[PDB]
$ cat my_file06.tsv   # TSV, C-alpha atoms
chain	number	residue	atom	x	y	z
A	1892	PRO	CA	27.10	11.23	-69.67
A	1893	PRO	CA	23.65	12.12	-68.30
A	1894	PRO	CA	23.56	13.56	-64.76
A	1895	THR	CA	22.56	11.48	-61.76
A	1896	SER	CA	18.86	11.23	-60.88
A	1897	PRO	CA	17.81	13.98	-58.41
A	1898	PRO	CA	16.67	12.78	-54.97
A	1899	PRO	CA	13.02	12.84	-53.84
A	1900	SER	CA	11.46	15.73	-51.96
A	1901	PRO	CA	12.14	15.92	-48.19
A	1902	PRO	CA	9.36	15.71	-45.60
A	1903	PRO	CA	7.77	18.90	-44.23
A	1904	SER	CA	8.39	20.42	-40.78
A	1905	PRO	CA	6.23	19.45	-37.77
A	1906	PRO	CA	3.46	21.83	-36.62
A	1907	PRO	CA	3.16	23.54	-33.21
A	1908	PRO	CA	0.45	22.95	-30.58
A	1909	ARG	CA	-2.30	25.31	-29.38
A	1910	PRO	CA	-2.81	26.76	-25.88
A	1911	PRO	CA	-6.02	26.27	-23.87
A	1912	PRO	CA	-8.44	29.14	-23.13
A	1913	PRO	CA	-8.80	30.76	-19.69
A	1914	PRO	CA	-11.90	30.17	-17.52
A	1915	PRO	CA	-14.87	32.47	-18.16
A	1916	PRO	CA	-16.06	35.05	-15.62
A	1917	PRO	CA	-18.72	34.06	-13.06
A	1918	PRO	CA	-22.37	35.07	-13.56
A	1919	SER	CA	-23.49	38.46	-12.28
A	1920	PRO	CA	-24.97	38.22	-8.76
A	1921	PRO	CA	-28.74	38.56	-8.32
A	1922	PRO	CA	-30.12	41.77	-6.81
A	1923	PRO	CA	-31.69	41.58	-3.34
A	1924	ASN	CA	-35.32	40.73	-2.71
A	1925	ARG	CA	-37.86	43.41	-3.61
A	1926	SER	CA	-38.37	45.48	-0.42
A	1927	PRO	CA	-39.51	44.22	2.99
A	1928	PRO	CA	-42.96	42.68	3.38
A	1929	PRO	CA	-45.66	45.02	4.76
A	1930	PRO	CA	-45.21	45.38	8.53
A	1931	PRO	CA	-47.87	44.51	11.12
A	1932	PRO	CA	-49.45	47.49	12.91
A	1933	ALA	CA	-49.24	45.66	16.30
A	1934	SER	CA	-52.05	45.59	18.85
A	1935	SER	CA	-53.29	44.74	22.37
A	1936	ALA	CA	-51.90	46.03	25.68
A	1937	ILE	CA	-49.06	43.84	27.02
A	1938	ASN	CA	-49.81	45.29	30.47
A	1939	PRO	CA	-50.27	43.89	33.97
B	1649	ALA	CA	-92.76	57.05	42.05
B	1650	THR	CA	-90.83	56.81	45.34
B	1651	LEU	CA	-87.99	59.36	44.99
B	1652	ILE	CA	-85.39	56.64	45.56
B	1653	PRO	CA	-82.20	56.10	43.52
B	1654	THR	CA	-81.33	52.78	41.92
B	1655	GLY	CA	-79.06	51.11	39.37
B	1656	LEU	CA	-75.81	52.79	40.37
B	1657	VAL	CA	-72.65	51.01	39.24
B	1658	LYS	CA	-69.17	52.23	40.11
B	1659	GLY	CA	-66.61	53.34	37.54
B	1660	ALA	CA	-62.98	52.39	37.07
B	1661	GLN	CA	-61.16	52.31	40.40
B	1662	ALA	CA	-57.68	51.95	38.89
B	1663	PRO	CA	-55.81	54.19	36.43
B	1664	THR	CA	-55.48	51.16	34.07
B	1665	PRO	CA	-52.54	52.55	32.09
B	1666	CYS	CA	-52.09	52.64	28.33
B	1667	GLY	CA	-50.61	49.42	27.00
B	1668	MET	CA	-47.42	49.15	24.98
B	1669	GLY	CA	-47.48	50.68	21.52
B	1670	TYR	CA	-50.38	52.91	22.57
B	1671	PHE	CA	-50.18	56.43	23.98
B	1672	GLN	CA	-52.49	59.18	25.21
B	1673	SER	CA	-51.31	62.78	25.05
B	1674	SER	CA	-54.61	64.26	26.26
B	1675	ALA	CA	-55.92	63.80	29.80
B	1676	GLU	CA	-59.52	62.89	30.73
B	1677	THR	CA	-59.83	60.33	27.96
B	1678	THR	CA	-61.68	57.02	27.79
B	1679	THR	CA	-59.70	55.32	25.01
B	1680	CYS	CA	-56.02	54.96	24.14
B	1681	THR	CA	-54.57	56.18	20.84
B	1682	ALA	CA	-52.04	54.28	18.75
B	1683	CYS	CA	-48.59	55.82	18.38
B	1684	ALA	CA	-48.01	57.32	14.95
B	1685	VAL	CA	-45.76	55.91	12.25
B	1686	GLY	CA	-42.05	56.55	12.76
B	1687	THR	CA	-42.27	56.80	16.56
B	1688	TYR	CA	-42.30	54.06	19.19
B	1689	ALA	CA	-43.81	53.44	22.63
B	1690	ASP	CA	-41.34	51.47	24.72
B	1691	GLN	CA	-43.26	50.96	27.98
B	1692	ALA	CA	-46.90	50.95	28.99
B	1693	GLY	CA	-48.17	54.23	30.40
B	1694	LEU	CA	-46.15	56.56	28.16
B	1695	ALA	CA	-47.57	60.09	28.09
B	1696	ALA	CA	-46.51	60.62	24.48
B	1697	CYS	CA	-44.64	58.74	21.76
$ encode --input "my_file06.tsv" --output "C-alpha cells"
Amino acid sequence: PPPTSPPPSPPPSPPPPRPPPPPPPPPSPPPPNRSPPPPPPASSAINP
Amino acid sequence: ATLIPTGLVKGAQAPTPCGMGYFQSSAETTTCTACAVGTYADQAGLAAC
C-alpha cells in the first residue's frame, strides 16, 4: 500500500522584542560673558 | 596816580582737603591728582594712594 500523506509544515517560532535606547547627554554649557564692561574712572570729591 | 592799593581779594582760608579717589603727594599744590590705576584712595585727604 502507499504510505500515509505527510502532515503540513509547522508554524515558525515567535520573535523577541527590542530594548529602548538610553537618554542622550545634555548640551555643553555656554562659556561666560566676554570680559567685564569698561569701568568708570570715577570723579568729584565726596567731601564735606 | 595816588600810590594806594586796591583790588585785594583773600585766598583760601581752609585746607579744603583732597576728595575721595584723588590724592596729592606733593605739597604746595593748587590741584588734586587722580590716584593711579591699581591703587585706591579710601578717604578724603589721603597723602598718597
$ interface_residues --input "my_file06.tsv" --of "chain B" --to "chain A" --cutoff "8 Å" --atoms "all atoms listed in the file" --output "PyMOL selection string"
chain B and resi 1665-1670+1692
$ write_last_selection --input "my_file06.tsv" --atoms "C-alpha atoms" --output "CSV table (one decimal), in the coordinates of the input"
chain,number,residue,atom,x,y,z
B,1665,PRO,CA,-52.5,52.6,32.1
B,1666,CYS,CA,-52.1,52.6,28.3
B,1667,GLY,CA,-50.6,49.4,27.0
B,1668,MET,CA,-47.4,49.2,25.0
B,1669,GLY,CA,-47.5,50.7,21.5
B,1670,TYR,CA,-50.4,52.9,22.6
B,1692,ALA,CA,-46.9,51.0,29.0
$ residues_around --input "my_file06.tsv" --residues "residue 1673 in chain B" --least-positions-apart "5" --cutoff "9 Å" --atoms "only C-alpha atoms" --output "PyMOL selection string"
chain B and resi 1681+1694-1697
$ axis_aligned_box --input "my_file06.tsv" --around "range 1903-1921 of chain A" --padding-each-side "8 Å" --output "AutoDock Vina command-line options"
--center_x -10.2 --center_y 28.7 --center_z -26.3 --size_x 53.1 --size_y 35.7 --size_z 51.9
$ atom_distance --input "my_file06.tsv" --atom1 "CA of residue 1684 in chain B" --atom2 "CA of residue 1929 in chain A"
16.1 Å
$ closest_residue --input "my_file06.tsv" --among "A:1922, A:1930, A:1902, A:1912" --to "residue 1685 in chain B" --atoms "all atoms listed in the file"
A:1930
$ atom_distance --input "my_file06.tsv" --atom1 "CA of residue 1663 in chain B" --atom2 "CA of residue 1693 in chain B"
9.7 Å
